[PDB]
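Protein chains in written order, with this note's numbering: chain A, 19 to 56; chain B, 90 to 597; chain C, 23 to 119; chain D, 42 to 185; chain E, 952 to 1115; chain F, -7 to 40; chain G, 656 to 803; chain H, 16 to 198.
Okay, structure first, notes after.
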């Protein structure tokens, strides 16, 4: 998880390759409450 | 009363006006029957509710007293409004809104004299007269005797709140308990319900130690009674009173064991001794252990006035067990698994098992404990398993600790670490289910399924662990309590279970 | 129910009104149907504002950044004009609206 | 960040925490010496918090003389217990850890960087928002 | 001045209380006039002890039984069973044309799928004579029956021409 | 199995209410539901 | 004249939570005649109070017996007679909070007056009949004298 | 006290609170009960109940030194019209003689007598699992059998096909303890 000055730099210029690209996936239905379906 | 106004006039102008006003019901009946055809009970219930709101809304401070100035026999609005199940609710609400009313208290006494209680309303209606409170209290402990342990756990809050509304109410309740507890049969139930009422009064901030020392025939010896009263009132174990009781109990003539077997004193002793952050001095440590061994070891034969036999053979073994476990509790740091077999033989005594249970509660409920545990299952959970194995009376305490740990959110652990911790606690729950304490555990899993936001994978793991150890036949209650969690559309599809659902379909 | 209890004016409880307002204001609030209708309209607009707020802030985070600190200004008005909280006030709620 | 950038700094902050404790008592000569350094003083020596057996002012009275105008501020000392605001003695603080300023005077409370620092809602922030910049400059100088 | 059974009972009471003494007769008429399950007589002295309003109670129960469940009337109006219930309610409320029939007219308007022209002609005549509040159903019946809706549209056409 | 340029996926329950599922209950109260979320290494929105 | 409160209190506890100011101790006192709880901070360094001490507590709007107004300004050369000559612990402060058990419909039966004596706080809980003399943000004088 | 009745009304006449305050030990000195042995008639009902229940919280030496005045309080409380005061006097009339409250309530107040009889017949006739008291959890098996009787076995709900994994865990940690014991 990039934070602070390097993450700020990667946001101020439009970096095509960020250091730590990530997705925050949210689940629907029973899978959000079931660990096995998750 | 328009006819009365007509007869009391026949100025004429106001009389004629009132007459025309009265001459200005059946349309309401036509609307009611049209609605009954279009719809029955709901229409009349709503009409009676609107009538009750209109009767309640304005006031009634003294008019009922004015009509009761002639002593108010008047069965016309008494018998018509005494047994329709809704007007007595209005009278309870009016008595709650306006206390110390003579006519309202008369109507409360009338509705109590017909045996038509069933509303608590502990502020005004329940505790105003001796008769009404006596009858509602009799109904209350009749219900708590008929229901059982489930009704105990579901009904001591409101009932113990109603009987602890005043010190006089608590005194009357404890008087009835003390009278009923000396019966040859069924006195243990009365002593139990009195003990939960007493502990509710203790946790409500009111001192109830004086009542339970005076009414429980423990005032035969004033010195020991005073020492025990100071013990229970101060809420801590003092050296002076334990030395007094130890020197009295080692004398040639032993006192009765009843006052030393008070559960409040024994619980406070558990607080004093088995707390991890407790350093009992050695000059009174053996006195403490001997007091506990005498309180939980002696076998006393009683024939209606006195005793002739007291056994102290188990006292030595009990004192050795409590001394070893107290040494373990003062040891803290490993050195627990090194001689754990001896710990399990000391857990074979029930008082030592409850002490170990309280010590496990204090050791485990302390934060940053599982964060410092490296093994997959903690050793204290295995101590809980052995406690459940050796004794069945401690099963509600085990389940209480287990649900306390299961509901606890450990933000200092990883999410998978939290999940496997919940799985470990649930394995202890499965062991408790396998050791005969079945129905409350399945009830708790039912509570966790729909009205709690616990993980569905945990419920599935519980079902998998239970169905891998249980075999047919099954009773009706267990099937009725375990089938809905296996048909919840978040369990059955993912989760053998086919044999269980086939047996439940074929048999129930 | 808490929002209803805290923000809807109760022009029905006469003794509560007399404990909070002066006599002529209580008589005007009880008698006038137009005043009661406009107080109800004020509460309805507050309910619509509540729905707009819960659209704007899906998380229940009420700490916002706004120009005039209204609570401190009300406290300043209480201290400047020597407002006694134990006494009924002479402020008509329709004047507030 | 809609907050002051200038607060009360090391020596002044450490001493004003020690100045506004409950046990701080000043004799007449010390009070008259301290009033020489108030630029905004109106020339009236206030009535002491203790008249008998000795005429004895507290530090809260002197800082109340420092506090400009009639600003109203509620703050919280750093050592304030979390259960104090919920249990008894919430409006009469045993540890003097709830700062209350009413009508520009310090009713109780020990001042720190939570009340005199750069944080938003502090006493200097309320002083700037209510009294302007010149009065707040005088406030800073008089505190120091 | 709604007649019907209630109007007949009022006329009978007026004929009975037409002088000739009979002080007990007035009391009997007042007691006979209390809807069902006579606990209202039990509730009577609770209300008699502070300057008894009976008109207030009667208007309150009429207002609640109309306004609170006119929504229920619309819900049962909102297929065959609901239409039959609306027709039965309209047949019951047709006798109260002179009586105030805001709710009685709304009950027929909600279930206005069946026209029922045998009573519909009398209803249209009464609406034309008394300017009834049936807007949609009344306008549809006027358009389907005769040229009264034609005259109403001719007046709006003349108004539109004047506006143009 | 899976999607290209999605190397490692972690699952965790959120602690702060920024990522918790906030709902308005039947009595108009905000409730924070703790639900599972997935955090990946590597990105592809449109397939995920 | 000018007296807002008049009672005699017995010291029950001195700093039950702990001695957390070296010169000021919190006294928890109860009236001998009324349901009137008193919490009071005093400077024990100049006015030592022991547990179980009995004192007469007077809350006055002014020190002068003729009831004239006090400017709140220190005048050590004032030659007028004052109530302070009959007491040995005199404090000056303003009441900052008055709360009670009033409801929306009912008035308050048990009042509670909060007075700050330059940071030395005092709370006076009791029945509302004895505490009608307190009005918020008014300057009062505390007058104390130990009895036997 | 010049007016002891007003003093007791101030201290204990709060009808909103019904338990005895913890300060009743200091409130109930010898001189004040010497006064209320004369001014008991003019007291209200709530302060009467508060006084009669605060007599219990007094220490034993105070009860023993001045027992005759307490006897007069109880016998004066046995003449009042309040059923609560009458009941409390009937149960406290054996208190400052041996130290225990009265329990032989078999010759007064017939209503509670018939209620007690019709409920004690159900207590004697009906009992399910005996509702073992909190003291019995600490007791051993022999003490429980001599006190409450033989323990009722738990009801069977299913046939255990095999012991669960907790038994295996217990066995393997005893195996670990077996190695660590000889260390």
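For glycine and all other residues, C-beta sits at the position ideal for the given N, C-alpha and C.
Excluding sequence positions up to five away, which residues of its chain have a Cβ less than 7 Å from the Cβ of residue i?
{"i": "residue 1090(E)", "result": "1100"}
{"i": "residue 337(B)", "result": "313 and 344"}
If we cut at 8 Å on Cβ distances, does residue i have a partner in chain I?
{"i": "residue 25(A)", "result": "Chain labels in this structure do not include chain I; the protein chains are A, B, C, D, E, F, G and H."}
Cutting at 6 Å between CB atoms, please list the residues of its own chain near residue i, excluding the five before and the five after it.
{"i": "residue 89(C)", "result": "none"}
{"i": "residue 57(D)", "result": "152"}
{"i": "residue 328(B)", "result": "373"}
{"i": "residue 47(C)", "result": "114"}
{"i": "residue 266(B)", "result": "279 and 283"}
{"i": "residue 757(G)", "result": "763"}
{"i": "residue 634(G)", "result": "With chain G represented from 656 up to 803, any question about residue 634(G) goes unanswered, as that position is not in the structure."}
{"i": "residue 1094(E)", "result": "1100"}
Measuring only the C-alpha atoms, how far is residue i from residue j?
{"i": "residue 807(G)", "j": "residue 780(G)", "result": "Past the boundaries of the shown model lies residue 807(G); chain G is included only from 656 to 803, so the question cannot be answered."}
{"i": "residue 22(F)", "j": "residue 102(H)", "result": "52 Å"}
{"i": "residue 502(B)", "j": "residue 460(B)", "result": "6 Å"}
{"i": "residue 792(G)", "j": "residue 100(C)", "result": "11 Å"}
{"i": "residue 177(H)", "j": "residue 558(B)", "result": "6 Å"}
{"i": "residue 755(G)", "j": "residue 786(G)", "result": "11 Å"}
{"i": "residue 517(B)", "j": "residue 292(B)", "result": "29 Å"}
{"i": "residue 107(C)", "j": "residue 783(G)", "result": "15 Å"}
{"i": "residue 735(G)", "j": "residue 703(G)", "result": "29 Å"}
{"i": "residue 386(B)", "j": "residue 410(B)", "result": "12 Å"}
{"i": "residue 554(B)", "j": "residue 133(D)", "result": "56 Å"}
{"i": "residue 985(E)", "j": "residue 1069(E)", "result": "36 Å"}
{"i": "residue 580(B)", "j": "residue 1024(E)", "result": "43 Å"}
{"i": "residue 150(D)", "j": "residue 135(D)", "result": "10 Å"}
{"i": "residue 30(F)", "j": "residue 30(A)", "result": "26 Å"}
Thinking just about the alpha-carbon of each residue, which of the options is nearest to the one in residue i?
{"i": "residue 215(H)", "options": "89(H), 176(H), 144(H) and 128(H)", "result": "No statement about residue 215(H) is possible, as the shown extent of chain H runs from 16 to 198 and does not include it."}
{"i": "residue 86(H)", "options": "160(H), 126(H), 61(H) and 49(H)", "result": "49(H)"}
{"i": "residue 137(D)", "options": "54(D), 65(D) and 50(D)", "result": "65(D)"}
{"i": "residue 166(B)", "options": "1072(E), 1012(E) and 996(E)", "result": "996(E)"}
{"i": "residue 40(H)", "options": "131(H), 62(H), 139(H) and 70(H)", "result": "70(H)"}
{"i": "residue 52(A)", "options": "505(B), 462(B) and 364(B)", "result": "505(B)"}
Once the 5 residues before and after residue i are set aside, which same chain residues still bring their CB inside 8 Å of it?
{"i": "residue 334(B)", "result": "313, 316, 317, 349 and 380"}
{"i": "residue 188(D)", "result": "Outside the modelled stretch of chain D, which goes from 42 to 185, sits residue 188(D), for which no answer is possible."}
{"i": "residue 33(C)", "result": "39, 51, 52, 57, 58 and 61"}
{"i": "residue 1057(E)", "result": "1021, 1024 and 1025"}
{"i": "residue 539(B)", "result": "577"}
Exercise for review: For the region 148 to 182 of chain B, enumerate the residues whose C-beta is nearer than 8 Å to any C-beta of chain F, in chain order.
Suggested key: none
**Study point:** the region 757 to 774 of chain G: positions lying closer than 7 Å to chain C by Cβ
**Key:** 759 and 760
Check your understanding: Any contact of the region 186 to 196 of chain B with the region 88 to 101 of chain H, i.e. 3+ C-beta pairs under 8 Å?
Key -> Judged by Cβ distances under 8 Å, the region 186 to 196 of chain B makes no contact with the region 88 to 101 of chain H, as fewer than three pairs qualify.
Review point. At a cut of 8 Å, does the region 142 to 157 of chain B reach the region 180 to 190 of chain B through at least three beta carbon pairs?
Key: Taking 8 Å as the limit for Cβ pairs, the verdict is that the region 180 to 190 of chain B does touch the region 142 to 157 of chain B.
Exercise for review: Using a Cβ-Cβ cut-off of less than 8 Å, list which residues of the region 67 to 94 of chain C approach chain D; keep chain order.
Suggested key: Cβ contacts with chain D come from 87, 91 and 94.
Practice item. Mind the definition here: the region 763 to 782 of chain G touches the region 33 to 42 of chain C only if three or more C-beta pairs lie below 8 Å; say whether that holds. Key: no
**Study point:** the region 659 to 667 of chain G contacting the region 709 to 716 of chain G, beta-carbon criterion three pairs below 8 Å
**Key:** yes
Check your understanding: Does the region 156 to 168 of chain H come close enough to the region 254 to 273 of chain B to have 3 or more Cβ pairs within less than 8 Å?
Key -> no
Check your understanding: Is there contact here, the region 76 to 83 of chain D with the region 92 to 110 of chain D, by at least three beta-carbon pairs under 8 Å?
Key -> yes
**Study point:** Stretch pair the region 473 to 485 of chain B + the region 1096 to 1110 of chain E: three plus CB contacts closer than 8 Å
**Key:** no
Practice item. With 8 Å as the C-beta to C-beta threshold (strictly closer), list the residues of the region 20 to 31 of chain F near chain C in chain order. Key: 20 and 22
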